[PDB]
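Each of the two blocks below gives one form of the same protein chain as structure tokens; they are labelled structure 1 and structure 2.
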Structure 1
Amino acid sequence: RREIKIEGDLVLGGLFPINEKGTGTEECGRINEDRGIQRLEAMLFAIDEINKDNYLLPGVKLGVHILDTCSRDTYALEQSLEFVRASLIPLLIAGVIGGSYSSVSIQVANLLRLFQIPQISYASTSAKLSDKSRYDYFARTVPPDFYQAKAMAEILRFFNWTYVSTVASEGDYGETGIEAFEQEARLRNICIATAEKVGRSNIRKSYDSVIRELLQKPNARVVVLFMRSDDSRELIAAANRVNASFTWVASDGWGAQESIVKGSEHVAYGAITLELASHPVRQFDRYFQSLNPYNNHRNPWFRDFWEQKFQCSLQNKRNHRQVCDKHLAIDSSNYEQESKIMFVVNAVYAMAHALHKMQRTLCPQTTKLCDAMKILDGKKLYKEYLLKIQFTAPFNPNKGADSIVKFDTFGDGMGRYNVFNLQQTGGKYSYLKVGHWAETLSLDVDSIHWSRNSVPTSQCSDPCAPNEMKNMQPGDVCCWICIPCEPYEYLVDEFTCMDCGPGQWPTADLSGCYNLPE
């Protein structure tokens, strides 16, 4: 029963997948270091900054009530009940920052709307959340996968990968994400060899079984992935067991996390992944690296985090071995800012700017929470927050690279993505930015390192022999057969053989006909 409760004049609830999904009968498992602990600290970071800022909510201290979602929608939902009992020890919640997984953000959203509690997600990308008729108190600093799916399909359409396999996570993230892709695929004449999907309480066999099925479609060497972070790790490990090798094209679920490929790097080599377009928040690196078990007591999960990151033990762990060097530290050699940290910070600041404007509007005489704001109107708040437009928390260089945080009419963020390629050049494995997507695809193909040093081929059928075969399309529009032609016929075009006619014969290259002698 861990949580972070910090009092304040106004309190923001927070939800993070601090722990991985519990396996079997347990509800929570291992620590999610980057997407759990880091992101949690980024909200703590943002709250601290805002509490030191004399121009944003001066006179109104922001507190928090942060809870673990353990990467499970049902668990996050039960936890969230904590945010609403509040409006009846318990802290009144002005708004909630959170949900990483779309499924948890959705369920939490169905609960928070009942009590008019605004919610801002910093990572939930499902297109379902754009529906303001169902999630009317939900907003997010990231875009809907309606766009990510387009970026992925256009990438395949570029390298002409017309025959691919897809595996998607069960849940609102993977399923709706994969559906969007399928639609985008059709429109670009891309066929799906086989559509697999893993899900809830799935064990090895479920994944091993997916690898087998992918293998049963040898021609489909490129496999599209729209899977949760946890499931991705599982699928990669499975491929590693039977040493399966495909060119992976995964969504942000996998993203640019090295943790997903750890221990199966050669299997994911050459993979192409996507992640929302972002830039690290510099002041955050300083904050996070200054954290250690001695100065960070407000984060009840930090000790378990520390022990797992460094393979520790102090006096607060199970019956293990190897105590830990008091000189260990989070630093430039073992830490790298999580890709979505920026969105966590701007989500919190968005809520703050929305409360600030509301306080200036209802409390014109003081900087304090006046009686008129004693009981917040969350409906108004949400429609005082949707219209917000401000420059990304100080923590962002320039102001011309469109560093403005604001929301769509659907409460969504801008659909900008970056494309990455998992390389290893320097002995070590890393993600290199090899392109991006803003409205049209963009990537310099020369910097990409493929699997098996060769740009992958993923088509239904083998290419026809030149010397004489014509391309023949059967019933579908992806597969075909090759029909060698009569020695006296030439290829008027790729799919049609025609008689050169009397006195004539086809040219060595079969492009035309030359006259016969004798």
Structure 2
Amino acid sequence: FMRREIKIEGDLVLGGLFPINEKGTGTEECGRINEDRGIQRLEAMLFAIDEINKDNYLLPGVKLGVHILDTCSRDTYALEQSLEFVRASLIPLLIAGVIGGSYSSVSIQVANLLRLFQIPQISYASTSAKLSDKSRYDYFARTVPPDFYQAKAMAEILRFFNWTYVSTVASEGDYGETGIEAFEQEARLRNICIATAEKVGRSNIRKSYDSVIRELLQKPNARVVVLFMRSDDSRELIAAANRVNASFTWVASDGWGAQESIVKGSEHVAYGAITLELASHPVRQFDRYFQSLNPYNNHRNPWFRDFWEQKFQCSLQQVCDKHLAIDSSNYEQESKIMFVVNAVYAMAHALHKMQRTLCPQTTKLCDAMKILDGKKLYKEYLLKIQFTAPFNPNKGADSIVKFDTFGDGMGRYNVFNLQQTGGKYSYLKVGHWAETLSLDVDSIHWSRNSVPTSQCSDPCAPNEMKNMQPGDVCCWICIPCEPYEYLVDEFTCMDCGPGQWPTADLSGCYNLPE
């Protein structure tokens, strides 16, 4: 009966799309609140707009409004909601540009719609490589990189610890499939074999997941499982492994990232997991803003109440303590917030340079810009380069926001390790990827305190077996050697020669008596 949205008027309006709510189960379209990647990212856009509307050097004279909608983590729903943005170009607010899409599937479908009406779009989290194709997504840009690189970071980590036999499980969609396709290619090149390639997807219940765990279990040697899955899917997969108490060493992409909500209730099954996330740094000023929010002062966000009640397990009108508050003990800035803020700022800077150009006499939205030329805006937005919203210290660690010729951001990632040292589970940065892998292996805590072994065949017996490679470079057979042969090396048996005999160790030959 009621479909929520945020509508704030302005001289120029920016549309927004966030997975405020998780996907609905069964017949319902929306489910529980997505606390970190939903509410936080939403308020980070509101935070950016407020800051911009108080900035005298950026769009002074032009107030930015917004029209933020919920995607409910589903491309189809996001798509239906976005129709709201195009009808406006005919109560309805004219959309200068759209900020959003977290899931690549929604960003892509939304992009297919938006280009039809020349509406620029900037995503702050969609990493699918498909989105780099300017012949299909010509009005799309993003402040994050294409998984073309993330897939390399993952394959190079496996190649490092010599994990040549692994299983993979990808989410159906443009994120999981294209991302896993990239990995497979990077794997072949580095002689890494895939034991079993699984995949879950749309409208999947426990059984589809339990069925995946079972199939992973049918490849016991492949103890390292490469994941390229959506957040929600990852959560389901780990819950499935927790039931049958299965245990593997997970290598997950940003979809999983450094989210604690993913492993909650199955912390021991995900212990030792290694995950990736886009290299970013918290926006300090945002921490202050978000923590100051509460059901009393934050009425413009129609999802905040539901949020509040779920985060604290509340109720208003077990009632809730009017003294609750978001703080350093219960809140941690979502990993990609920086990208949301930069996205909004990039659109503002683009509009700002356009207004300086077409309206040389005032700071106001002059007649020449009453009807925006979206095509020009995009080909004015692509060439944008600016120092990251003030909320970023220094400027030496290349803190400039700009875009590739494909409209992408820079491929930089951080590697994380799920630890628990202090009784509580948390992610610890254990490395990073810029162009080459980098990580200090010593700070890594593994599953079962031993650096995993993930190879095709069982190791050869010492006392007499030689390692033999068939046709591939992942599997082998062990050939016991003749009692008179020793192991010159791991794969070769050689006759000790007359008068000599192999040592018990088989490392050499000793002289025979008698």
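Each form is matched to the other, and the largest set of C-alpha atoms that superpose within 1.5 Å is called the rigid core. Quick note, the numbers are simply positions in structure 1, starting from 1.
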query: Core-aligned CA displacement of residue 26 at least 2 Å between structure 1 and structure 2; finding: no
query: Core fit, then residue 480 C-alpha moves 2 Å or more between structure 1 and structure 2; finding: no
query: Size of the rotation between structure 1 and structure 2 [smaller rigid part against larger, C-alpha superposition, degrees]; finding: 17
query: Rigid core fit between structure 1 and structure 2: Cα deviation of residue 62 in angstrom; finding: 0.1
query: Core-aligned Cα shift of residue 508 between structure 1 and structure 2, given in Å; finding: 6.0
